[PDB]
Amino acid sequence: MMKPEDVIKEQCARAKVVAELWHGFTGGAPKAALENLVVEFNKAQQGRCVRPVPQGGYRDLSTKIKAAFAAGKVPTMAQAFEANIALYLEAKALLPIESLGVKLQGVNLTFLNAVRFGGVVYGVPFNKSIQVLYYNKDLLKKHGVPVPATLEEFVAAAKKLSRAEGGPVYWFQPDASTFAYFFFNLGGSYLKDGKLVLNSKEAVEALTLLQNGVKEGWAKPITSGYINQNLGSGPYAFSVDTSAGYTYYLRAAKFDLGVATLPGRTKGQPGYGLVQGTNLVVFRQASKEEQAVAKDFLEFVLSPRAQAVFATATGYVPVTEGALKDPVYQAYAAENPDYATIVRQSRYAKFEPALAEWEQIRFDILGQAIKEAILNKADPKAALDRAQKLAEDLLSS
Ligand SMILES: Nc1nc2c(ncn2[C@@H]2O[C@H](COP(=O)(O)O[C@H]3[C@@H](O)[C@H](n4ccc(=O)[nH]c4=O)O[C@@H]3CO)[C@H]3CC(O)(O)C[C@H]32)c(=O)[nH]1
Ligand SMILES: [Cl-]
Ligand SMILES: [Cl-]
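When we follow the numbering used here, the leftmost residue of the sequence shown carries the number 944, and every step to the right adds one.
What follows is the structure, given as structure tokens:
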């Protein structure tokens, strides 16, 4: 009857034209904030609505988009990572955004650069996250431990707090996103002379750091659920996690949650965070009329108020300069120093490779190498040499 998705269903039933938007939000603040945006957009249109359709998580979404093509029936819009855009571009499946008439002046260059392919923009940055350092303010105060500003300090702090609390206080998922933080901040790069390399010396160093942290009793692998679904079980000091975790950490944490910029190589600058979350793309297969709904919706999404409300509700990074000048954004940042912390971290941002095969590689090849080393004590170099060979085989295929 009156939940936001019930209201959207009633709005789309009355509408002349309905543009489907397929997404990967399972719940929480992200799902609610997307639905609230859509309700507001749909109220403003005479008979021209967006229908958000949850597809599960992001990988369920791309699988379903792939099947939708094979079935010949794609949605008007979807969320897509840069790797998903690369893949959909092989099938010529995406409309250039600037062709549609969406104005992109004032979108963060970081974000716009990531959705530009052969000099053409194919996505609108929508829900873009950055990794931040979550921490337990209470536990650091209890032992006199400053928030670590360098990787050296962070390791030292994890050791000191783990010894004091009798268990590993740095919590991590053994996955490609957590690996990227350590890899990037040890000077790693995935592309060497245009070739994807998973077994570089910095990759080996990064994976060895995490495996040694598990051995030394300062790093705790989280194998079942998000870190924020594991809090309460054992002492927690720190995690490196997406800024879109923010609402889930806040609800779960039974301690005073802190958010900091990432530890870097030196105090000269924060460490680089991995940019995650998604862009909205518009499919060529849409009708001209559905495409016109997409154009109005994308201009609404990029309006400063819509950005301000969406970002402060979720911990995503506002994608426009105008969002930071909007009073609703300003009011929230003044009350909550974590929004500002998330925006400052967004200045020190790195992306994974924008390759069609990258989604498969990050989970099934690279993520599996990281799990072998962390959970089964595989030799880090042996595990990443295996990854490198599977990735080369997949790309050459
Ligand atoms: N398919 C595919 N996924 C990719 C790719 N690159 C990265 N990722 C995944 O992006 C997630 C980050 O995206 P983000 O929007 O920042 O965060 C998500 C959720 O992670 C996070 N969440 C949800 C529930 C919860 O209890 N806690 C919480 O933090 O909230 C958001 C909305 O669901 C990572 C997580 C991952 O899914 O394990 C693997 C990573 C790619 O190329 N393809
Ligand atoms: Cl003590
Ligand atoms: Cl790189």
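Positions of the beta carbon are idealized from the N, C-alpha and C atoms, including for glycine.
For this session: Select from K946, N1027, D1118 the residue whose C-alpha is nearest the C-alpha of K1007.
Result: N1027
Exercise. What's the C-alpha gap between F984 and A1057?
Worked result: 26 angstroms
For this session: Could you spell out the range, first to last residue, of the alpha helix (DSSP H) harbouring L1104?
Result: 1094-1108
Problem set entry | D1199 to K1046 span [Cα, whole Å] | 41 angstroms
Problem set entry | Per-residue DSSP class, three states only, for residue 906 | There is simply no residue 906 to check, as the chain begins at 944 and stops at 1340 in what is shown.
For this session: Measure the alpha-carbon distance for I1304 versus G1310 and round it to whole angstroms.
Result: 8 angstroms
For this session: Give a yes or no on whether the C-beta atoms belonging to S1289 and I1073 are separated by under 7 angstroms.
Result: yes
Exercise. Can you name the start and end residues of the beta strand (DSSP E) that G1220 belongs to?
Worked result: 1216-1225
Exercise. What residues match up with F1115 in a beta bridge as DSSP calls it?
Worked result: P1164
Problem set entry | Shell residues, 5 angstroms Cβ cut-off relative to heavy atoms of ligand 3 | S1132, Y1133
Exercise. Whose C-alpha, out of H966, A1312, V982, is nearest the C-alpha of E953?
Worked result: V982
Problem set entry | the stretch 1100-1110 contacting the stretch 1312-1326, beta-carbon criterion three pairs below 8 angstroms | no
Exercise. Relative to the C-alpha of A1023, which residue among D1003, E1041, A1014, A1013 is closest?
Worked result: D1003
Exercise. At what residue ranges does the stretch 1156-1205 contain a whole run of the alpha helix (DSSP H), taking only runs of 4 or more?
Worked result: 1189-1195
Problem set entry | Close Cβ partners of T1151 (< 6 angstroms) along its chain, the five nearest in sequence each way excluded | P1323
Exercise. For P997, which residues does DSSP report across the bridge?
Worked result: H966
Problem set entry | Pairwise C-alpha distance: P1261 and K1071 | 8 angstroms
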